[PDB]
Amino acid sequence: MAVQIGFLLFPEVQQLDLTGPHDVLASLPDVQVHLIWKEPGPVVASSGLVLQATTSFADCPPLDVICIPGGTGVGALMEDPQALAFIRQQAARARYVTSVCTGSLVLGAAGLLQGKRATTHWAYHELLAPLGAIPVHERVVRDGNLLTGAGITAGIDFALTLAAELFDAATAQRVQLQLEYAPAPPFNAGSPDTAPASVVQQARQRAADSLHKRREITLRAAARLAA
């Protein structure tokens, strides 16, 4: 009867995609949160922060919510048949199938975005269409029981949105107040629409090699879905 929430915790995850939502959702009543990988034990994030998976695929209970974070490690998962099969298995009955940032590319590689409205990190948004999604430039996108959040820190907005759906608005507001989540960013550079042009150029320049490698992975993953 406790709500069972599971995050996929994989090597080279972007940890904040996971730890932001985790601290929001673990604050709710009658929940249990699992960190899932092929085996329990240490998993190292892209920054070198060490996290700890609490369950293997086999011992994971049926999930009410599955959540896929993003990160450098997404590329490997998009061509990992075990991970994709596990995600499909849990998505079949999950009340909600969800992701943050480039985690939606993993959902796409699993076939779960076909015909659905979805978002991802702004720098990788062009990769949603080949995976079958209708790409939407909004920070949290809901299509039926699929909820996708945009890049990294969107996980906090996503998790508060999810909290209200699992419980109600008042419960989500209580958690928002406990987290003192009234952001006041010191700059206005969080979106390519508002950041200075020089900043956008540098961020795009840094992401270019990753984007090219992910363009190639995405087209192989899409071709497998088609065949």
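All residue numbers are counted from 1 along the displayed sequence.
Engineer: Quick check: 13-21 versus 207-215, which has the larger average CA B-factor in the record?
Structural biologist: In the deposited entry, the stretch with the higher C-alpha B-factor mean is 207-215.
Engineer: Which has the higher mean CA temperature factor in the PDB entry, 168-176 or 34-42?
Structural biologist: The deposited B-factors put 168-176 ahead on the C-alpha mean.
Engineer: Choose from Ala2, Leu8, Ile5, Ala221 the residue with the greatest Cα B-factor as stated in the PDB record.
Structural biologist: Result of the comparison over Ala2, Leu8, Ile5, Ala221: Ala2.
Engineer: Can you tell me which of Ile66, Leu49, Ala58, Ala197 has the highest Cα temperature factor in the record?
Structural biologist: The record points to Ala58.
Engineer: Which third of the chain does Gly144 land in by C-alpha B-factor: lowest, middle or highest?
Structural biologist: For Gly144, whose C-alpha B-factor we compare with every modelled residue in the chain, the answer is the highest third.
Engineer: Of the three thirds of its chain by CA temperature factor, lowest, middle or highest, which one includes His125?
Structural biologist: Ranked within chain, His125 CA B lands in the lowest tercile.
Engineer: Classify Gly190 as lowest, middle or highest third according to the C-alpha B-factor given in the PDB entry, relative to its own chain.
Structural biologist: Middle third - that is where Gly190 ends up once the chain's C-alpha B-factors are sorted.
Engineer: Sort the modelled residues of this chain by their C-alpha B factor and say whether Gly111 lands in the lowest, middle or highest third.
Structural biologist: According to the entry, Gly111 has a C-alpha B-factor in the chain's middle third.
Engineer: Within this chain, which third does the Cα B-factor at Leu131 fall in: lowest, middle or highest?
Structural biologist: Middle third, going by the recorded CA B-factors of the chain.
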